[PDB]
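Chemist: Provided hereafter are the protein sequence and its experimental coordinates.
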Amino acid sequence: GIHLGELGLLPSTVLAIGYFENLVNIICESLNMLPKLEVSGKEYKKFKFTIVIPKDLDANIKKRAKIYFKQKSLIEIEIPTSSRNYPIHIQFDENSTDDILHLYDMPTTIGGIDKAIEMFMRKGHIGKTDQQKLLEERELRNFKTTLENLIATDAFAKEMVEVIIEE
Amino acid sequence: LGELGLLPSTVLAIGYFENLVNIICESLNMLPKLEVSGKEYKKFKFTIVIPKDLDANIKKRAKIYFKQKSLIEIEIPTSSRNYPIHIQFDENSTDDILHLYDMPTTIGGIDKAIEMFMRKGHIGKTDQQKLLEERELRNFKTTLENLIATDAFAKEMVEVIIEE
Ligand SMILES: Nc1nc2c(ncn2[C@@H]2O[C@@H]3COP(=O)(O)O[C@H]4[C@@H](O)[C@H](n5cnc6c(=O)[nH]c(N)nc65)O[C@@H]4COP(=O)(O)O[C@H]3[C@H]2O)c(=O)[nH]1
């Protein structure tokens, strides 16, 4: 029945819902809509999408993702989609050893969580306390859990998507 | 009572400002001059259009709105991200201002949050759900405007309006 209470969620839950709906699902639908995908003069019929959750929660995950992609020598790839007026931009491994197109992303939306955490702590000093680190790790775990639960509900995503932790 | 938990509109507005608004402003101010298809612009204005109604899929609503406004896609390169920015602009303007537009797709997430919050057992939106949706759209707009006030570029060149 009716519950007294205010609208309120973990930031990781809302950000993971958005990430699944507006990137994961459209990637899977694009790759399953085309009977075959071709990139850089090579054809791919099988795909894997790996979502890399950052090991530490930095406010700027765009920088962290750039560093991670550079370290792994992954390069940009553009995948067309009919669900959006601009294509999907992700990373892939041109050094793969199979006929599977291995795609990767580190969700930049995660960065926002850090801001939320700071407001929760009413931070008055420079530096991350072990309490802030604990809250960050808890949020990273919840983001991963929510994403995996959403992936389990979709046949496309369950077939081709995995979620791992950085390093 | 003292647990981490926020309005979805707050979280989504923070993400939208950091990972789109600010990077648009920074990319466009890096350029020594603004040019598209050989035309020169002396200013740019970025207009963020908040939806009138809260649909789960804001891309569809944005497509309808942009089609009504005869706005077309534009790709803006950026060094703040490993892929360029994609928004809409007015190719039929004649006044030397680069008119850029976006309807925040991230807003769609609010709908899901509200639906789970309502413990819905029937098809249809009660007036309480609609009131909550409108309140969340207002809070998204307010949070975005407060974030824009903290940046000289965004304060100067970004505006936030409601659809229609
Ligand atoms: N590697 C990669 N990741 C993607 C892509 N599309 C979405 N994502 C990821 O999914 C998250 C949610 O995207 P959104 O719901 O559309 O919510 C987006 C979206 O509403 C907007 N936004 C960001 N970039 C753009 C853009 O280039 N064009 C437009 N029209 N909106 C953008 O800002 C919001 C927040 O974006 P993020 O915090 O960065 O968070 C994004 C990002 O982590 C993609 O093409 N490539």
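Modeler: Great, that's in hand. Residues are numbered from 1 along each chain as shown, chains lettered A, B, ... in the order given.

Chemist: what's the longest helix along chain A packed up against?
Modeler: When chain A is parsed with DSSP state H, its longest helix is helix A:130-152. For helix A:130-152, the helices and strands in contact under the criterion 3 or more C-beta pairs under 8 Å, 6 or more residues apart in numbering or on different chains; DSSP states H and E are helix A:11-19, strand A:46-53, helix A:111-121, helix A:155-160, strand A:161-165. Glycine gets a C-beta too; all of them are placed from N, C-alpha and C.

Chemist: out of those, nearest to the ligand?
Modeler: Proximity of the helices and strands packed on helix A:130-152 to the ligand was assessed by C-beta to the nearest ligand atom; the nearest stretch is helix A:11-19, lying at 4.2 Å.

Chemist: Might you report the residue contacts of the most centrally placed residue in chain A?
Modeler: Nearest to the mean C-alpha position of chain A, by C-alpha atoms, centre = their mean, lies residue A:107 at 3.4 Å. When contacts are counted by C-beta atoms under 8 Å, 6 or more residues apart in numbering or on different chains, residue A:107 is found next to A:15, A:19, A:23, A:51, A:53, A:61, A:143.

Chemist: hmm, back to that, and the helices and strands packed on helix A:130-152 as a markdown table, adding distance to the ligand?
Modeler: Formatted as a markdown table, these follow (distance: least, C-beta to the nearest ligand atom, whole Å):
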| stretch | distance to the ligand |
| --- | --- |
| helix A:11-19 | 4 |
| strand A:46-53 | 10 |
| helix A:111-121 | 7 |
| helix A:155-160 | 14 |
| strand A:161-165 | 14 |
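
Chemist: Take these and lay them out in CSV including mean neighbour count.
Modeler: Below are the helices and strands packed on helix A:130-152 laid out as CSV (neighbours: other C-beta atoms under 10 Å in any protein chain shown):
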stretch, mean neighbour count
helix A:11-19, 26
strand A:46-53, 19
helix A:111-121, 20
helix A:155-160, 16
strand A:161-165, 15
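
Chemist: List the residues that contact the residue lying closest to residue A:83 once chain neighbours are set aside.
Modeler: Once flanking residues are discounted, residue A:83 sits nearest to residue A:26: 4.8 Å by C-beta to C-beta, 6 or more residues apart in numbering or on different chains. For residue A:26, the contact set (C-beta under 8 Å, 6+ apart) comprises A:81, A:83-84, A:88.
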